[PDB]
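The chain below stands alone and is given as structure tokens, in the form solved without its partner chain.
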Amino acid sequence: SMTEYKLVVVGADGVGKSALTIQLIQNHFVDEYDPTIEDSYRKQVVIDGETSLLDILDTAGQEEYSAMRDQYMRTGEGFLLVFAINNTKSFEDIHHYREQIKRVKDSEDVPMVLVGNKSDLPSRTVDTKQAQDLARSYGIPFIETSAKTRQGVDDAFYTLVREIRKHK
């Protein structure tokens, strides 16, 4: 029976966590803003020839409830660290998310992928090199995405599965 991977999508509010996940699951793009409480999804995929079951937790970006992330971080196996390439604050927020995951899991070695979303917009404030340099300093992959065009959507989730496989 196929292996199950517990993926968790985290990042500041409005960066496109839900748009990315719904693109993966439903193959369409939500242009409206429906702020998340918490949602979970399942999808089977084939990655590197091996069929895998993705269990995706789409989390809230509200800073107000930062204290309540610990339980889903304990449970999750791999994390998409999502920022938006036109939102320098959400890029700055990445550090806090990663440090929080490391603390809660008490490990330097947690599967993660840095995701720079909204690559379709012209208003970029975070240079790709900055993001790439940050990913390299974390030792994790960096994927540029657009939930609107689907660019990189599969790649971001599949790369995270690959990171979990290497870890196990």
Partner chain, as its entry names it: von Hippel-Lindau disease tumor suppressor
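Numbering follows the first chain given and starts at 1.
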Original post:
Between 66 to 74 and 52 to 60, which has the larger average Cα B-factor in the PDB entry?
Top reply: 66 to 74
Subject >> Of 26 to 34 and 112 to 120, the one with larger mean CA B-factor >> reply: 26 to 34
Original post:
Checking the entry, which one of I140, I143, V46, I101 has the top C-alpha B factor?
Top reply: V46
Original post:
Once the chain's modelled residues are ordered by C-alpha B factor and cut into thirds, is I164 in the lowest, middle or highest one?
Top reply: middle
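The same protein also has a form solved in complex with its partner chain, omitted here; what follows describes it.
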Original post:
So which of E50, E99, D127, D133 reaches within 4.5 angstroms of its partner chain in the entry with it bound, heavy atom to heavy atom?
Top reply: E99
